[PDB]
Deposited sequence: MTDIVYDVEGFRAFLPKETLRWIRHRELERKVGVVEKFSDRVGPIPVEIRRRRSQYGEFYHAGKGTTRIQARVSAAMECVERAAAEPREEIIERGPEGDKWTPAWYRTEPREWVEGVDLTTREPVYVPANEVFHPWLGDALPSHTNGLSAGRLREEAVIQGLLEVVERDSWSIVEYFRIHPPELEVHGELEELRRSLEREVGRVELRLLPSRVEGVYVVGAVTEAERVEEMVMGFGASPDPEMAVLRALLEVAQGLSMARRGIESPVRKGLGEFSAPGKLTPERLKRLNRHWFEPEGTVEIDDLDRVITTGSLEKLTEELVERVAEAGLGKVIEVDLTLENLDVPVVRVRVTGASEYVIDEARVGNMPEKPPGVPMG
C-alpha cells in the first residue's frame, strides 16, 4: 500500500525534488545519451528540451511541468523511456510457448515477440515486438510510443501509460467520426493558466472529449494564432478532471516551445493559412455544448498507488476495448521501471489510420 504524495501533473510516490535529486545521483541523462539541454518558458510554463544520441540517431525529447524541477524530471524520464524502448534481443522470443496477441491489421503471422502480462487475468501473453519497441522497422506498420511510460515504481508507469492509451483512444474517436466535443469551462488557477497561455497566441480553448472509460476524463486544448505553426493541440487524461486540464495546457506550452525552435515533432503540402486550418478543423473550433468542470464526478478518489492502478485497469477492462497488457521494459543497468501498456481494442487512429481498433458503427452520443 504505497502513498500518493504528489498528484499535480501525475500520480507519484515521490516529490519531484526527490526524483530530480535521484535522477542526478544515478547520472541517468548521461547514461541514456543526452548531449544537450535547453530551458524555455512559454508564458509561465517551464519547458525543457533534450538532444539525445543513440545507435538509431539523434532525437529531440521534451519535458514540461508547473515547476522547473518537474519540467526537468519530465524531460529526463522521457529520455529514459525512449532508451528503454529501443529493441533488445535479451527479451525477444521467436518460438513462443503460450497465448499470443495478433492485432487486426497483421495479414501475416509475426515472428518476434515479447512476453507481457494480461492485467485482468494475470496470465502471461505475448505481444509483437513492433507493438513493444521503438523504433522497429521489420513489420507491416510503423512503430510508435503510445502506451510507453517510465516511473519510480512500475505502478506509476502503468497508471501514466494506461491514461495515455485512453487519451489517444478518445482523440482517435473524435478524429475518425469528426465529433464536435463540448467546450470545457474552468475556474481559479486553471483558468488563470489558460488565460496566461492565451496571451502567448490568439486563443486557447478547452474541450471535454468523449471518453470510452468510465471514471476517466480526457481534455483537449486547441489554439488559434496568427502564425499557423503555433496552432497546436494538447491533451490530458486522468480520473481527476483538473489534472486532465492541466496536462492539456502543459502540452500546448510544450508544442509552442517546439514550434518556436522549429522542432519537427510526431511527439508535440503547401503552406496553410490560419483561417483555412480552422475550416479544415471545424469540429475543434465549433464545439457542441458546454460543460462545467464542477459538475464532473470524482468517481475514482486517489489514495494509494496500487489501489489506483487496480481501479483504472478494471475500468479499462470493463470498457469493451479488449485486453489490458503490460510489458516490462526496465533496463538491467539503470534500475528505472519502464513499461509499455497495450489496450488491444483501443483506437490509435491519430497515429496510423490502419490502427482503427474496436470501433462502433455510430459514435457514442
*asked:* Comparing the deposited sequence with the modelled residues, which stretches have no C-alpha coordinates?
replied: 269 to 276, 374 to 377
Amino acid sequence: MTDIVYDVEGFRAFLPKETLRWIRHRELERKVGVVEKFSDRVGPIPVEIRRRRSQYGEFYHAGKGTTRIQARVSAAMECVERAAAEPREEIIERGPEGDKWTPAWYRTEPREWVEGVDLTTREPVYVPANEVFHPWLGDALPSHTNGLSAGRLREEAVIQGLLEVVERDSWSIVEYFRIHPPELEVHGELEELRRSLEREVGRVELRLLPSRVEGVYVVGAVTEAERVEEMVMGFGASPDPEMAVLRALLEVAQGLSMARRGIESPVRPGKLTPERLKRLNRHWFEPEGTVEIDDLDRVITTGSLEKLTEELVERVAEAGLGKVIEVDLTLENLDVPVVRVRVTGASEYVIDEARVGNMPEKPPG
From here on, numbers count along this sequence of modelled residues.
*For the stretches 330 to 338 and 29 to 37, which has the higher mean C-alpha B-factor as given in the deposited record?*
330 to 338
*Quick one: higher average CA temperature factor, 254 to 262 or 100 to 108?*
100 to 108
*Options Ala150, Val267, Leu209, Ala244 - largest CA temperature factor per the record*: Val267
_How does the C-alpha B factor of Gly320 compare with the rest of the chain: lowest, middle or highest third?_
middle
*Could you tell me which third, lowest, middle or highest, the C-alpha B-factor of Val350 occupies within its chain?*
middle
*Ranked by Cα temperature factor within the chain, is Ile293 in the lowest third, the middle third or the highest third?*
highest
_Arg53 CA temperature factor, ranked by third within the chain_ = highest
*Among the modelled residues of its chain, does the C-alpha B-factor of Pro181 lie in the lowest, middle or highest third?*
middle
